[PDB]
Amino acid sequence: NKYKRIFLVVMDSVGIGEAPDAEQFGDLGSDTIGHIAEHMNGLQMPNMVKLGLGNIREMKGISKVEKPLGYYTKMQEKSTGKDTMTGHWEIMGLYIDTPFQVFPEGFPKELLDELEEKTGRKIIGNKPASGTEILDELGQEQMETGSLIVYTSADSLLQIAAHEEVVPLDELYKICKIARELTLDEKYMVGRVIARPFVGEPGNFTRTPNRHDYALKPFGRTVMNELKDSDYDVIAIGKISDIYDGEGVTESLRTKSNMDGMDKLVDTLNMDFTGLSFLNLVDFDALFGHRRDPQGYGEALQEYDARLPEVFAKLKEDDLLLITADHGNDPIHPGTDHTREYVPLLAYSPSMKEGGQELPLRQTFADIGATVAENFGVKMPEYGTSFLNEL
């Protein structure tokens, strides 16, 4: 292998400007990094700048450098949707025609009607809400009627809440499995069904750790599958295992925040493995993008960039670091949905003794998967063009 270890970091939702098909998605004008940089009166990201971020695209506080540490370009998404599953699936070698849907006004009546009809239970709520607001609002009614509280988020989720002393857990998991079948339907395609059991009394409801998720497998065997089947390590950090429903994962490390994700990245640098270490930094999407909070997003980007020198210090001559994103989520854009954007790509190894150069624009995210597969000598994905020999 040219590289013994590859460290792939998805900065979740960190877009670098409107894609050529943004108009189809109502995403004209979008620019996640750009708008944040203007809000911050200059983003302070000196380490991403040293890698070549401003060589991809100059933005406020983010300038090009003469000798970038590694190679740089951007990537265009080929898949139909702009959700997290689509983007990640494409990164690992797939093409996804059928988008996952989001439900800001609630789920369609036809779906909720069929869930009632299969379960024998009435549904209440049916809107985007936090766990806390929805339980305050409807927890008491739920307790008194046996009804199911159905809510959503700004992401592709269907969440079903019920009190553990009113709806037994096993019954709630059965209900979520029925909902998971009903939502494999392109009219209603949700990424994840989540059981949200709770306990307590009105005024004091708490969600319990008995949460269970019902995800879809990727629509194809990914590069991760091929790695795992060839006895490589595939270390998933953060939401990566959930995103691929475990497919192809040999070890999974839960994280609680972006700093904790960078700590687990560092833990993997200290491991003797051969294969892929794959990190998702989700806070950018979950806390700041969907909440349309440019200040919080800005601070988080700065906090991330400050962790990078330690990663540079630990990379070996036969390691490769890849940094990208899975879509945009511009915190100064209408609504609460993602944005259809190009994503940055940075590729760095300390064996790059002269620094890097510009790569041709990657016409699918699957170029990353193709690179990884070529590096490790495993079956090449159906989609994607490796840039391994360009490095």
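Just count from 1 along the sequence shown to find any residue number.
Per the record, averaged over C-alpha atoms, which has the higher B-factor: 346-354 or 35-43? Of 346-354 and 35-43, the stretch with the higher C-alpha B-factor average is 346-354.
Quick check: 112-120 versus 302-310, which has the larger average CA B-factor in the record? If you average the C-alpha B-factors of 302-310 and of 112-120, the larger mean comes out for 112-120.
Highest recorded Cα temperature factor - choice among 126, 268, 225, 258: Reading the PDB entry, the winner on C-alpha B-factor is 126.
Out of 160, 94, 75, 199, which residue has the highest Cα temperature factor in the PDB record? It is 199.
Against its chain's modelled residues, does residue 326's Cα B factor rank lowest, middle or highest third? It falls in the bottom third of the chain.
Residue 24 CA temperature factor, ranked by third within the chain: Highest third, going by the recorded CA B-factors of the chain.
Among all modelled residues of this chain, ranked by Cα B factor, put residue 189 in the bottom, middle or top third, i.e. lowest, middle or highest. For residue 189, whose C-alpha B-factor we compare with every modelled residue in the chain, the answer is the highest third.
When the modelled residues of the chain are sorted by Cα temperature factor, does residue 207 land in the lowest, middle or highest third? Its C-alpha B-factor belongs to the highest third of this chain's values.
Looking at the temperature factor on the CA atom of residue 364, which third of the chain's modelled residues does it land in? Its C-alpha B-factor belongs to the lowest third of this chain's values.
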